[PDB]
Amino acid sequence: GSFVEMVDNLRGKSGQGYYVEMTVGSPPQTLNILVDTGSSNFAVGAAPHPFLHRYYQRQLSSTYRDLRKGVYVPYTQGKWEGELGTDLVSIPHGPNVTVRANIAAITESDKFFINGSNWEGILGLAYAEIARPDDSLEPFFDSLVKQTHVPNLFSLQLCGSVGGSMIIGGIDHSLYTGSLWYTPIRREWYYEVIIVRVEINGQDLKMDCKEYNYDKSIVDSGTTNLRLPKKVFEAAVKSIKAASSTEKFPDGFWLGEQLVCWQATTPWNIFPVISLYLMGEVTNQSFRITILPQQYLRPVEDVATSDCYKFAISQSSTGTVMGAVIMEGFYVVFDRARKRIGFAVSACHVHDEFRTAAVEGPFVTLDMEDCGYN
Ligand SMILES: NC1=N[C@@]2(c3cc(NC(=O)c4ccc(Br)cn4)ccc3F)OCC[C@H]2CS1
């Protein structure tokens with residue numbers, strides 16, 4: 001019921017995302033559902049795709065209502081297609097409630113499900129504006145807040161076989177150390193934020209800060225990498241290269257086109273910290289989040305032809321995406337009631353004896369509004 005009963009309600013595997021158990025229909029059908037703050041549709045497998053463990057069978061549900069409307073969602077790395085309806089939805093290890101939510105019954109997809117994963121649909125937690133087919137399709141969390149007395153916020157602790165917590169309706173103070181710092185949500189569509197400054201190992205990148213948000217910056221648990229606009233990526237790598245001079249590496253590595261390996265002997269110490277300064281709550285005030293190489297150098301456990309690592313910072317043409325690389329350092333509070341997102345040092349982030357992930361402030365930063373793109 002309460003927040004204790006929600007601790008540790010997330011599961012997954014490295015590179016396959018975090019999922020929460022949900023029930024849909026009556027009687028309740030159990031599905032595992034990818035937690036995605038980067039989209040706004042609740043969409044589940046509804047047909048026996050050979051790689052799904054379980055799927056939504058509408059014919060078995062007494063409370064199912066056909067909306068007599070289809071939906072077609074292409075995106076860069078894939079597509080799904082489905083039939084809109086509504087049904088009763090519960091979260092067993094969430095608040096003690098049942099709600100009537102929109103469901104897209106997925107009937108055809110390409111490169112949407114992961115071969116080998118233990119989830120079979122997606123929970124988009126972002127805002128109606130980016131819901132398919134349009135913002136009249138009320139996102140799940142909107143329905144949850146409207147139909148109940150669950151407070152309008154949730155928080156995510158992503159750890160990594162991975163685990164974590166999704167606290168629906170509140171904050172659990174044991175999941176973080178130090179204090180929460182809040183950045184405003186710039187516009188309620190994605191969880192858009194504004195980055196005001198970037199440092200590699202204390203050294204500023206000294207770019208026009210608008211480049212950091214071209215054409216936007218988002219917090220997205222449905223993306224693995226920290227993704228950076230192309231110009232920003234170029235400068236960051238050039239600067240990460242300079243700082244990690246001790247060893248040299250091929251161009252293909254930085255591009256995520258090869259891995260690089262060490263004996264059972266990783267010198268994380270040879271790699272720099274990365275700091276993002278975010279717009280703060282108050283005029284001219286910012287704060288910074290700092291991640292370790294333990295967040296951006298990801299063990300590739302599946303290398304059959306060989307301890308290898310993927311460089312998990314990549315180029316974007318869609319703006320900055322603070323994906324799992326960022327969120328695994330932090331307890332992240334999606335404070336929808338106050339249009340703000342909070343960051344605190346996660347009690348489960350992977351670090352060593354030399355260095356920690358950090359959230360520090362306040363700092364004084366001028367023209368922070370100028371960093372947003374229009
Ligand atoms: N936010 C995102 N949403 C998606 C989307 C995301 C995912 N995510 C993952 O598989 C995933 C997450 C975390 C880790 Br760690 C590893 N993998 C799977 C299918 C999707 F369709 O939906 C609409 C846009 C699309 C791309 S961007």
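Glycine gets a Cβ as well: all are built from the backbone with ideal geometry, and neighbour counts include every protein chain shown. Basis: the model, the stated rules and, where named, an outside source; no laboratory instrument gave them.
Listed values, structure above:
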{"quantity": "Residue ID - farthest from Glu188 (Cα to Cα), chosen from residues in the stretch 333-374 that are hydrophobic (A, V, I, L, M, F, W, C) and part of a loop (DSSP other than H, G, I, E, B)", "calculated": "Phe354"}
{"quantity": "Residue, farthest from the chain's Cα centre (by Cα), within the stretch 201-240, restricted to residues that are among the β-branched types (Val, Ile, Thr) and farther than 19 Å from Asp251 by Cα", "calculated": "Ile218"}
{"quantity": "Number of the condition not met by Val73 [criteria: (1) within 16 Å of the ligand (Cβ to nearest atom); (2) out of contact with any strand residue (DSSP E or B) (no Cβ under 8 Å at 6 or more places or on another chain)]", "calculated": "(2)"}
{"quantity": "Which listed residue, of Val24, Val44, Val35, is assigned by CATH to the domain that holds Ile114 and within 12 Å of the ligand (Cβ to nearest atom)", "calculated": "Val35"}
{"quantity": "Residues that are surrounded by 22 or more Cβ atoms within 10 Å (Cβ to Cβ) and closer than 19 Å to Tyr18 by Cβ, drawn from the stretch 96-123", "calculated": "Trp119, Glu120, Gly121, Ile122, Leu123"}
{"quantity": "Positions within the stretch 1-11 being over 25 Å from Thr86 (Cβ atoms) and part of a helix (DSSP H, G or I), in sequence order", "calculated": "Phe3, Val4, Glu5"}
{"quantity": "Residues being under 22 Å from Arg65 (Cα atoms) and not in a strand (DSSP E or B) - total across the stretch 12-36", "calculated": "4"}
{"quantity": "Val71 over 30 Å from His173 (Cβ atoms) and buried (at least 19 other Cβ atoms within 10 Å of the Cβ)", "calculated": "yes"}
{"quantity": "Number of the exception - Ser143 against (1) more than 16 Å from the ligand (Cβ to nearest atom); (2) assigned by CATH to the domain that holds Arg58; (3) assigned to a loop (DSSP other than H, G, I, E, B)", "calculated": "(3)"}
{"quantity": "Near pairs, Cβ below 6 angstrom, 6+ apart or cross-chain, from the stretch 50-61 (in the same structural domain as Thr107 (by CATH) and of a type in the set (D, E, K, R)) to any residue that is in a loop (DSSP other than H, G, I, E, B) and crowded, with 18+ Cβ neighbours inside 10 Å", "calculated": "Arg54/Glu120; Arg58/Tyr64"}
{"quantity": "Matching residues in the stretch 68-109 - criterion: being farther than 13 Å from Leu137 by Cβ, in contact with a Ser or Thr (Cβ under 7 Å, 6 or more places away or on another chain) and among the charged types (D, E, K, R)", "calculated": "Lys79, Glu81, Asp87, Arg100"}
{"quantity": "Any chance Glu138 is more than 10 Å from the ligand (Cβ to nearest atom), within 23 Å of the chain's Cα centre (by Cα) and under 25 Å from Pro50 (Cβ atoms)", "calculated": "no"}
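A quick yes/no check of all residues on (1) more than 23 Å from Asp370 (Cα to Cα); (2) part of a helix (DSSP H, G or I):
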residue	(1), (2)
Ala236	no, yes
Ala242	yes, yes
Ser245	yes, no
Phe249	yes, no
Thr290	no, no
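Conditions (1) surrounded by fewer than 15 Cβ atoms within 10 Å (Cβ to Cβ); (2) within 16 Å of the ligand (Cβ to nearest atom), marked per residue:
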| position | (1), (2) |
| --- | --- |
| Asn213 | no, no |
| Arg227 | no, yes |
| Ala236 | no, no |
| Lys248 | yes, no |
| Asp251 | yes, no |
| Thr265 | yes, no |
